[PDB]
Amino acid sequence: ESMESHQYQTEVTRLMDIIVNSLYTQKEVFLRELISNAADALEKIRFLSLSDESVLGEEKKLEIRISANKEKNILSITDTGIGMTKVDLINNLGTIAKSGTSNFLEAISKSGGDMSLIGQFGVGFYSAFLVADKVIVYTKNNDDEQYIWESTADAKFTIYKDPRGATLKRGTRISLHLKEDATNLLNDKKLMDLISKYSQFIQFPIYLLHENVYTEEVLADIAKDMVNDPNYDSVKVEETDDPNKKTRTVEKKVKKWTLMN
Ligand SMILES: CCNC(=O)c1cc2c(-c3cc(OCCN(CC)CC)c(Cl)cc3Cl)nc(N)nc2s1
């Protein structure tokens, strides 16, 4: 059941209308905003770890992880930053609702200005709706349990405890359920370009999960047993009609993490 106020639904509908009509040709900028949010959250927990190192108890990693799921049409930006308690999340939503950021952006757009301040105005998250019709946020902060915040393009949201528990240990995962028009964002070449572009001044490692293909010649009888290997996402054995051939070219596809900065 939706938990938005009419004020939240109005403010966010205005933000979305302005952001969309102002950035319809630069849809890709959502990634700059999400990476920016993630670095800010990582800086918060990094700063606290200087006085009390025990804050990193649940997860020593301090990084950003980008991964696409081509079958489910989902893009995820995950970080091991501070994360949010239910209190931090509802405060953040109340901040968005009470502020008149849409007044500032309406003014910027009417004046012929750009959306380069959406990040400084703390509304950069809503740029995700340029490419997605549904955004599912999973978050975990040391002081609370893991929560799920599920938002839609109609400015409606719902918050509930994660049935699977603290799968994140510490940090936040932004899962974008992409629109049919945003398929290009699941490709390794596009993501690599976008991440190299938007990582310029990010003091934390950014990792991309991309396809690695392994090719070798194998004896036909073993080529059939290669298919079963669970260490690979998929195994493609070459199809041959000639019973002459005693060997088969085998392509083993699997995704590994590469440091992008
Ligand atoms: C312990 C406190 N932790 C937090 O507050 C965290 C937030 C976030 C956000 C994040 C930040 C957002 O807005 C930034 C501006 N707000 C706060 C000034 C005012 C609305 C939004 Cl609209 C959405 C998300 Cl998901 N993103 C990420 N990856 N991590 C965190 S950890």
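No value in this document is a laboratory result; all are computed from the given coordinates. All Cβ positions, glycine included, derive from the backbone under ideal geometry; neighbour counts span all protein chains shown.
Once both axes come from the Cα atoms, what is the angle between helix 6-23 and the longest principal axis of the chain, in degrees from 0 to 90, rounded to 10?
So the inclination is approximately 60 degrees.
Need the list of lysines near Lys60 for cross-linking: C-alpha distance under 22 angstrom, and skip anything on the same chain fewer than eight residues off.
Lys44, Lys140, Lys169, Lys256
Viscosity 1.002 mPa s, temperature 20 °C: what is the translational diffusion coefficient of the range 48-181 from Stokes-Einstein with a Kirkwood Rh over Cα pairs, rounded to a whole number of µm²/s? Don't skip to the end; give the middle numbers.
On the way: Rh = 16.4 Å.
Rounded, D is 130 µm²/s.
Please report, for the Cα atoms of the range 211-254, the Rg to one decimal and the Dmax as a whole number; what are they, in angstrom?
Values for the range 211-254 (Cα only, Rg and Dmax): 10.4, 33 Å.
What do you get for the angle between helix 101-110 and the principal long axis of the chain? Use alpha-carbon atoms, 0 to 90 degrees, nearest ten.
Here the helix axis deviates by roughly 80 degrees.
How big is the gap, in Å, between the Cα center of the range 82-127 and the Cα center of the range 214-241?
51 Å
Within the range 192-213, find all residues whose amide N lies under 11 Å from a label point positioned 7 Å from the Cα of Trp257 along Cα-to-beta-carbon.
205-209
In what sequence, highest mean first, do 96-102, 234-240 appear when ranked by Cβ atoms within 10 angstrom? Before the final figure, lay out the partial values.
Working: 96-102: 16.6, 234-240: 13.4.
The peptides rank, most packed first, as 96-102, 234-240.
Please sort by residue number the chymotrypsin sites (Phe, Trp or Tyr not before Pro) in the range 1-93 whose DSSP state is loop and whose Cβ has at most 15 other Cβ atoms within 10 Å. Intermediate results must be reported in sequence, preceding the final value.
Details: sites: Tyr8, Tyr24, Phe30, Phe47; in loops: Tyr24.
Taking the range 1-93 and a limit of 15 other Cβ atoms within 10 Å, the loop chymotrypsin sites (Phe, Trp or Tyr not before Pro) found are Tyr24.
Rounded to the nearest 0.05, what FRET efficiency do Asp143 and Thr247 give with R0 = 51 Å and r taken as the Cβ-Cβ distance? Could you check? Don't skip to the answer; put the middle values down first.
On the way: r = 59 Å, r/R0 = 1.16.
For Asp143 and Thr247, the calculated efficiency is 0.30.
Under the rule of at least 5 residues apart or a separate chain, name every residue whose amide H is placed under 5 Å from the amide H of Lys255.
Residues meeting the criterion, in which the H sits 1.01 Å from N, are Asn212, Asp233.
How large is the dipole of the chain about the Cα centre if only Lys and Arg carry +1 and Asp and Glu carry -1, each at its Cβ, rounded to the nearest 20 debye?
260 debye
Through the Karplus equation 6.51 cos²θ - 1.76 cosθ + 1.60, θ set to phi - 60°, convert the phi angles of the range 249-261 into ³J(HN,Hα) values in whole Hz; use x for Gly and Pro.
7, 10, 10, 9, 9, 7, 9, 10, 8, 10, 6, 9, 8
Kirkwood hydrodynamic radius, the chain, all distinct C-alpha pairs: what's the number in Å?
Numbers: mean 1/r = 0.0488 Å⁻¹.
After inverting the pairwise mean of 1/r, the radius is 20.5 Å.
I need the calculated FRET efficiency for the pair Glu43 and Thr167, taking r as the beta carbon distance and R₀ as 22 Å, to the nearest 0.05.
On the way: r = 23 Å, r/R0 = 1.06.
Using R0 = 22 Å, I get an efficiency of 0.40.
Could you work out how far helix 188-198 tilts from the main Cα principal axis of the chain, as a 0 to 90 degree angle to the nearest 10?
So the inclination is approximately 40 degrees.
In nanometres, what is the gap between the two model label sites at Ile222 and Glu239, each 7 Å from Cα along Cα-to-Cβ?
Roughly 2.5 nm, to one decimal.
Could you give the nm distance between label points at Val213 and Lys60, where each point is 7 Å from its Cα heading toward the beta carbon?
Result: 3.7 nm between the two label points.
Under the 0.36 nm per residue contour assumption, what length would be gained going from the current alpha-carbon distance of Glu106 and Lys197 to full extension?
Working: separation 91, 0.36 × 91 = 32.76 nm, distance 2.77 nm.
Fully extending the segment from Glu106 to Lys197 adds 30.0 nm.
At 7 Å along Cα-to-Cβ for each site, give me the label-to-label distance between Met3 and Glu71 in nm.
So the two model labels end up 3.1 nm from each other.
As a check on your grasp of the helix formula, calculate [θ] at 222 nm for the chain: sum -39500 (n - 2.57) over DSSP H runs of n ≥ 4, divide by the residue count, round to the nearest 500.
Numbers: 6 runs with 79 residues, N = 261.
Per the formula, -9500 deg cm²/dmol.
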